[PDB]
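A short worksheet on the structure shown next.
For reference, positions follow the sequence shown, starting with 1. As the structure lists them, so they are numbered: ligands from 1, and atoms in each ligand from 1.
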Amino acid sequence: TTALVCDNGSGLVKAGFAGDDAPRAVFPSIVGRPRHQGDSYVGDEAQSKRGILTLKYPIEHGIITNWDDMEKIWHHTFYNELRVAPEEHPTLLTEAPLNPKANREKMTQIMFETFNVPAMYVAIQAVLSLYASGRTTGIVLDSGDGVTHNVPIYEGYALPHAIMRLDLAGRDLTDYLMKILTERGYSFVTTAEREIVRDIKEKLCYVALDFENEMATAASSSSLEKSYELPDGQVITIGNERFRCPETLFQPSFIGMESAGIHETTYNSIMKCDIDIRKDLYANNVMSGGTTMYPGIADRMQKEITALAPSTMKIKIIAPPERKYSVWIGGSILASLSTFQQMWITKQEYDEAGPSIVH
Ligand SMILES: Nc1ncnc2c1ncn2[C@@H]1O[C@H](COP(=O)(O)OP(=O)(O)O)[C@@H](O)[C@H]1O
Ligand SMILES: [Ca+2]
């Protein structure tokens, strides 16, 4: 039998078969129900029918908060995207770091009681990303759609006391760029327009090695300008917007938040950990999630952590090309191991013991 891997993303579901190199299904973590009851849609079909539906994010901040809609996302995943009978496949689910214990239990209860999977497992997203980089010790920066975490990991296990959470990720950067471009005179307010600005963000944005220098260059030449044709036929040119957008990850004050930036959350996370493991964390900073895809983010992180860390500390930022899917790939690996097969919670163990078995 083939095991399934479902990464329950704040913005995107990544689902597929354990052993595959990439998720076969990548779709928005969105459920749409009729505006007027006289039934649900999920993912791209929900967005297409948005004019007749109310759209909701059941996993908006990395934590599943709407269980009836998460049921719909999982039903869509099994039956519409992967086209499998869930009762025929062990299923690996991902959870956010600091997922409440009752939340993990509800994920377990739905898998067995609603979908009758024969076996399941819940793994921490950041832990899977570390495994996908061939490591069991290191500190992950996972920046997705709705949340960013630092997760220090030692000998295979997250250190929950040192986890840092930043309520700032890719959704917030798209919102910032929407606001910036709207103020420039291009109206970007609707769902369809959010899609356009997201596309501009992913194609043209980058992280400046030195913000102040990059601003001086954009102020004094056209050399950083990039153009993008909108659906209405207008050509928009952006310059400093390209790097002011993701600079928000290092200066959350750009969108009015008092939070530490990702360089300070990474450094604080490491300093919460055993002094004796900090050398290994500094040398093994892995970046995961779509919001770490910006060109220049690894060099910027190298520079910022160097300025914060002891003068002699060896600092390595690992940014794999496949890091949009590294949480999913780490699940594909773990669930493929012979040593993992005894780790599955079976439906039989669930029927004997109930949801508290997941711990
Ligand atoms: N090349 C890219 N550059 C910048 N942001 C990107 C890129 N590719 C994807 N993203 C952003 O990453 C987010 C989705 O990342 P992902 O790790 O799937 O999030 P989640 O797991 O929380 O659903 C979106 O905000 C998307 O716009
Ligand atoms: Ca994620």
Would you say ligand 1 has an N or O under 3.5 Å from any N or O of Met293?
no

Nearest to atom 24 (C) of ligand 1 by heavy atom, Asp175, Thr292, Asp145, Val26: which?
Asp145

Hey, are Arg171 and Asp175 close enough for a salt bridge, meaning a charged N less than 4.0 Å from a carboxylate O?
no

Parallel, tilted or perpendicular: which fits the ring planes of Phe27 and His76, with parallel below 30° and perpendicular above 60°?
perpendicular

From the options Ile236, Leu204, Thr237, select the one residue that forms a side chain to side chain contact (heavy atoms under 4.5 Å, CB included) with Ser227.
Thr237

What about the rings of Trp74 and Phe78, do their centers lie closer together than 6.0 Å?
no

Assess whether side chain to side chain donor-acceptor pair (under 3.5 Å) is satisfied between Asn150 and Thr266, documenting all intermediate values.
CA-CA 6 Å; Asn150 284 103; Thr266 297; 2.9 Å; yes

Shortest reach to atom 5 (N) of ligand 1 by a heavy atom, considering only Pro246, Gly290, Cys205, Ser326
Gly290

Is it the case that ligand 1 has an N or O less than 3.5 angstrom from some N or O of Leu12?
yes

Relative to the heavy atoms of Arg171, which atoms of ligand 1 are at a distance of less than 4.0 Å?
25 (O)

Have a look at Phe112 and tell me which of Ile345, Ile357, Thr346 forms a side chain to side chain contact (heavy atoms under 4.5 Å, CB included) with it.
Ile345

Please identify which of these residues, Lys226, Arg242, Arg300, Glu214, meets the side-chain hydrogen bond (donor to acceptor under 3.5 Å, both in side chains) condition with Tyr206.
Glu214

Please identify which atoms of ligand 1 are closer than 4.0 Å to at least one heavy atom of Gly289.
17 (O)

Quick one: are the ring centres of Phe250 and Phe211 less than 6.0 Å apart?
no

Flag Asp142 as yes when one of its N or O atoms lies below 3.5 Å from any N or O atom of ligand 1, and as no otherwise.
no

For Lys201, atoms of ligand 1 separated by under 4.0 Å from a heavy atom
5 (N), 11 (C), 25 (O), 26 (C), 27 (O)

Return a yes/no value for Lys324: is any of its N or O atoms, backbone included, closer than 3.5 angstrom to an N or O of ligand 1?
yes

As an exercise, identify every atom of ligand 1 less than 4.0 angstrom from a heavy atom of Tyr294.
4 (C), 5 (N)

Could a heavy atom of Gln125 be found less than 4.0 Å from some atom of ligand 1?
no

State the atoms of ligand 1, each with its element, that fall below the 4.0 Å cut-off from a heavy-atom position in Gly11.
20 (P), 22 (O), 23 (O)

Min N/O separation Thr174 to ligand 1 under 3.5 Å:
no

Among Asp68, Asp39, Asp69, which residue meets the salt bridge (charged side-chain N to carboxylate O under 4.0 Å, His left out) test with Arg33?
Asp69

